[PDB]
Each structure stands twice: as C-alpha cells, then as structure tokens.
Amino acid sequence: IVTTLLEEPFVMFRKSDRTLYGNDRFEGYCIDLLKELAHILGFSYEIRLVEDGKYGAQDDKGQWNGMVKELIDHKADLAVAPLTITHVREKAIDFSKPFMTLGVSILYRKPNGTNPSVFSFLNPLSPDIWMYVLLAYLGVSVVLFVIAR
Amino acid sequence: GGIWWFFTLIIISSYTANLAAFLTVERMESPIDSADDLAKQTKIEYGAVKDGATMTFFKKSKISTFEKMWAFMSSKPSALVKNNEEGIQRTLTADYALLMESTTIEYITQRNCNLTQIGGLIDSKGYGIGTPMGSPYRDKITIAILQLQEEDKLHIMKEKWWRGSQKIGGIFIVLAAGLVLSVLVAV
Amino acid sequence: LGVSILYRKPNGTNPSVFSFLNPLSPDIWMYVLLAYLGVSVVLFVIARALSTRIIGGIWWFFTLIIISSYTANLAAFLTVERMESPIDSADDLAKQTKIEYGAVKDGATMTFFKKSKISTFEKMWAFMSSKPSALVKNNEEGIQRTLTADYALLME
Amino acid sequence: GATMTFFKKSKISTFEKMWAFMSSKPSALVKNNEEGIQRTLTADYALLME
C-alpha cells in the first residue's frame, strides 16, 4: 500500500487522457523507483490517495493522523512520500536509511532593487515648503529689483 | 544680504540634516542575509506547514533565535500554513518568507527564476521509508537502498529527474535645463 | 583557573588613498567633466548679465547639493561603522548564527558544559549538540578550526 | 540575600536574564552591602538594594 498525496516532484499526474485508477495514475521519480523496488525485491505495489493529506502526527491527545496512522493501523505498510525522519516518528514505525539528505532553508522572492526616482528626492521636505523656497526667492528678487529700479 | 545669506544657509543645512537622516536610515536598514534578522525584524511574517516535521522541530527548538521564531509562529497561527501553496502565494504576493527543505526549494528556484534562497540550511536530515514497528521488510528496503545507491541509479536519476528548468543620477536633467535656458535670454 | 576564549584577528583595513571616493559612484565624474568642459567652453560660446547669472545660480545650487550629499553618505557610513561589539562575551555566541564555538571530544570543558545548567549555557550546549564538528580530538584541532573556520574555543 | 534567592527563583524572563548575567558574574555578588558601597563609590557599579 502506498498512501500518498499529490506532491511535486514525487507525485505528479501521469500524462494520459485515459480513465486511470491505482498504480498507473501518477508519474514521478519515486514512481519509477517503486517500480524498480517491486522489480528487485519481487513484491508489488498499490498506490492510494490519502484523505486528510498528512504525513502523520499525534494530536494534543496522542492520536496519530495521516499516513503514519495508516502505517500504525497496518492499512498501509509503506508510505512513499517526502518523509522526514524524526525520533517521535521513529518510535511508531521503522525508518530506512536517509535516501534524500537535506535540511530546512528559507525561500522568498527577489525584490533586489529600488526606484530612487527624481520624484523621490523631495521626500525629506514638504512640497508646499518646496514651493515656499521658490516663492521666497521670488519675493527676494521682487524686493531687490524695486530697490534697484 | 547677510540676513538672507544666513537664511538660505539655514535652508540648505536643514535639508542637508534631513537628507543625512534618511541616508542613515537607509544605511542602518542595509540588507539582511541571516535568520537573526527575522529575530530582529517584525514586519515580515514567516511560518511553516501544519503537520510539518519542520514545525514539530520548531516546537523542539533549543536555539534562542529559533525559539523566538517558534514563539512568534505560535503567536501567529495564520503563519502556520495548511498546504505549501498558501505560503507560496503569500510569498509571491505579500511580505512573507517560508521555512522549507533544501531539495524542494532548490527544485523550485531552478524552475522558477523569480526566487532565491534566503539564508542557509538548518542541519542535516534525511528521508526514510516507514514500515510499521514489527514488519522486517525495512531490511529489504535497506538492501535495495544500498544497491541502487551503490548502483549509482539514485544519484544519476536524482540529477536527471531534477531538471533545472537613480538618486545617483537624478539631478543632471535639472542641470542640463540651464543649457537651453541661457539661449532664450538675449540673442 | 578559568575557561577563556581565543579568536583570530581579521583586521581587513586599508586607508587612503584609494578608500576615498568609494561612497560616490565613480562614473558620476565623467558626467561631471562633461559639464566642466562645457563651463570652460563658455568663453567661446558667448564669443563665437542675465544669461551668465542664471548659469551661476543653477550651478551654484547644483554643486551646493553635491558636497552636502556626499558628506551625508560619508557620516552615514561612519556612524554605522562605529557599531562594533563585536565579541565582548559569549552572550553574543548565545545570540549569533555563524561563529562556531565548542570544546574537546571527551573534553573537560565538554564535561563541564554538559554539567553546566545555566539556561544560557544550556543553549550554548544545545548549539554544541547541534554541531557535529564543534568537538575536536585535541587542542591543536581546535587551533586548526580557529585558524580555518570562524571558530571560538573554550580553551584554558 | 533574599533578593538574590528571589531572582534565583525569578519567574520573569527579563529578570531571569538579568539573573543569567548575574550567574555569569561571580563578582556580581558581594559579601555585604558595604562592599557594594565600595564597588559603587570606587568603580562603575550599581547595586540592587532594599
């Protein structure tokens, strides 16, 4: 049993127009990997979409959910998924070797730039006070020219 | 003229003071490349997937930066995303970075060129295949893992399936206006 | 005795001459020299006093902006440059992210900081437990890690 | 000190980090208040006091 959910790049719809159910529904790296596993070890596989869409975790009580609860209830005995190995998960099921070693990072967009416009130079001073500068110079000119002529 | 000369000195020193103030705001605001930034900022939300082993591990944090992160993320349950796509669209649209594992972030930033890695990885952590407690076929799984890695199918197919698919210059126009302004004076 | 902390000296400092106009964009100066030779050629534009006083006032205001702006960028660099803690005590290590700190594999300092149950020292030990390579065989390996990596050491 | 033991059992995190810095400093604790008078009126040192 493969309890699973739609997850790139692991679980993607196998590109076909046909009405498909079970193993031939999906395409992915782990899909052909599971084909290889059923080949070499001689078993076979069944792929099932999980209802709640969960890895599996105890609640505030201790009730496991998701694919881990599908494993513990023995309705599933494998769960092909990006399953992170943690020790609380270790004391419910049996993890294999680390086959995709990784770690959590942070992703965000690329702003990486500004628009320091000619509009933007005014900002530490009020535009009416920017006008007061101009009108003060005009007042100085119109007094001193009356002084001149 | 001494009065007006002093007056315009007050004017230019005042706007000089305010412009220097904003420059220092920009310079103290110059850029952030570490987690400690989110430990110091407050205006950028950040969250994690519910039933995420990442979120469970942030509950188990014994790192002061990451513990303040867990305290804020527990204070903001809207940051605790249900699916990835909630955090994805909030990262696309709003001021919101997201904690996620290296391989998936890597495969998306290779696909989506709109993105970049923020900071680095936390530590090393791997994937496992869970047989239930008492089912011995995990050892066959282990033999097949040692096989297909030692047969180099895992690394080569991991390579294959993961396809990598001015205010500096703002014043010179106002300067060049005087070139044509001097034409229309006398001749 | 007491445990102490050793660190290295980066000291990446280089003064004038070349440190001088770096806050200013060095390609503004060709645009400066364009208008400079344009003001020098005014001796021949008029040849072959409102029209010159407007040039004087515009250029007067124009260059009044520039020196204040670059001085502002200078002091804006300077004060932020005056903000170096950098490592007064290990509380920074209780708050940093990049400087690794640790002790010896089977070390007496390692023993004590497993024993140390001050909560700040507990989280320093939690750092050390999070690092697979903060623990070293000998003190010389710690010397190697200090010289190579950004590493502080809880040596004697 | 009763205040010393009081912040030994501080359950206020700001005061707990003050106590954490006090745990970092064995020289923070003195023998009597007169030694606090000494360290204050000689060195750059303040003292919590009733």
### Message
Tell me the angle of helix A:29-40 to the major Cα principal axis of chain A, expressed in degrees between 0 and 90 and rounded to the nearest ten.
### Response
20 degrees
### Query
If exposed GluC sites (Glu not before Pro) are those in a DSSP loop with at most 15 other Cβ within 10 Å, what is the longest stretch of chain A that has none?
A:52-149
### Query
Looking only at A:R109, A:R14, A:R89, which one moves most when chain A is put into a Gaussian network model with springs between Cα atoms under 10 Å?
A:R109
### Message
To the nearest 20 Debye, how big is the dipole of region A:28-149 about its Cα centre, given +1 on the beta carbon of each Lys and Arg and -1 on that of each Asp and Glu?
### Response
620 debye
### Given charges at Cβ of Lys, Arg, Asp, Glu: the protein assembly as shown dipole, positive-most of A:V118, B:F58, B:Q89
A:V118
### Task
Taking H placed 1.01 Å from N in the peptide plane, check which residues at least 5 places from C:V104 or on another chain put their amide H under 5 Å from its amide H.
C:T109, C:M110, C:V136
### Query
Where the only charges are on Cβ atoms (+1 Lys, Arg; -1 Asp, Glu), what is the dipole of region B:110-187 about its Cα centre, to the nearest 20 debye?
220 debye
### Query
Averaged over peptide C:59-66, how many Cβ atoms belonging to another chain are found within 10 Å of each residue's Cβ?
3
### Message
If you take each beta carbon of peptide C:24-36 and count the beta carbons of other chains within 10 angstrom, what is the mean?
### Response
2
### Message
Which trypsin sites (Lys or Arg not before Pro) in chain D sit in a loop by DSSP (not H, G, I, E or B) and have at most 10 other Cβ atoms within 10 Å of their own Cβ?
### Response
D:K9, D:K11, D:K31
### Query
Roughly what angle does helix D:33-42 make with the longest principal axis of chain D, taking Cα atoms, 0 to 90 degrees, to the nearest 10?
70 degrees
### Message
If you take each beta carbon of peptide C:131-143 and count the beta carbons of other chains within 10 angstrom, what is the mean?
### Response
0
### Message
Could you tell me the center-to-center distance, by alpha carbons, between region C:48-75 and region C:1-46 in angstrom?
### Response
20 Å
### Query
On a 0 to 90 degree scale, rounded to 10, what angle separates helix A:127-148 from the longest Cα axis of chain A?
10 degrees
### Query
Taking the Cβ of B:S30 as the center, what net charge do the other residues with Cβ under 13 Å away carry, scoring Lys and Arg +1 and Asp and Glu -1?
-4
### Message
Let me check I've understood the local charge: for D:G1, count other residues with C-beta under 13 angstrom from its C-beta, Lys and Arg +1, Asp and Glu -1. What total comes out?
### Response
+1
### Task
Would you grab the residues whose amide H sits under 5 Å from the one on B:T116? Only those 5+ places off in sequence or on another chain, please, with H modelled 1.01 Å from N.
A:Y108
#### Entry: Top positive-direction residue, dipole computed over chain B with Cβ charges, set B:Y127, B:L184, B:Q147
B:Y127
### Task
Loop sites only, by DSSP: take the chymotrypsin sites (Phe, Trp or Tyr not before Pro) in chain A that have at most 14 other C-beta atoms within 10 Å and name the longest stretch containing none of them.
A:44-149
### Amide H within-cut-off set for B:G47, under 5 Å, with H built and near neighbours excluded
B:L99
### Query
How large is the dipole of the protein assembly as shown about the Cα centre if only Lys and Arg carry +1 and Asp and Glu carry -1, each at its Cβ, rounded to the nearest 20 debye?
540 debye
### From phi via Karplus (6.51, -1.76, 1.60), per-residue ³J(HN,Hα) for region B:100-111 in Hz, x at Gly/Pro
8, 5, 6, 6, 6, 4, 4, 5, 6, 6, 5, 6
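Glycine gets a Cβ as well: all are built from the backbone with ideal geometry, and neighbour counts include every protein chain shown. Values quoted throughout were computed directly from the atomic coordinates according to the rules given, and no laboratory measurement underlies them.
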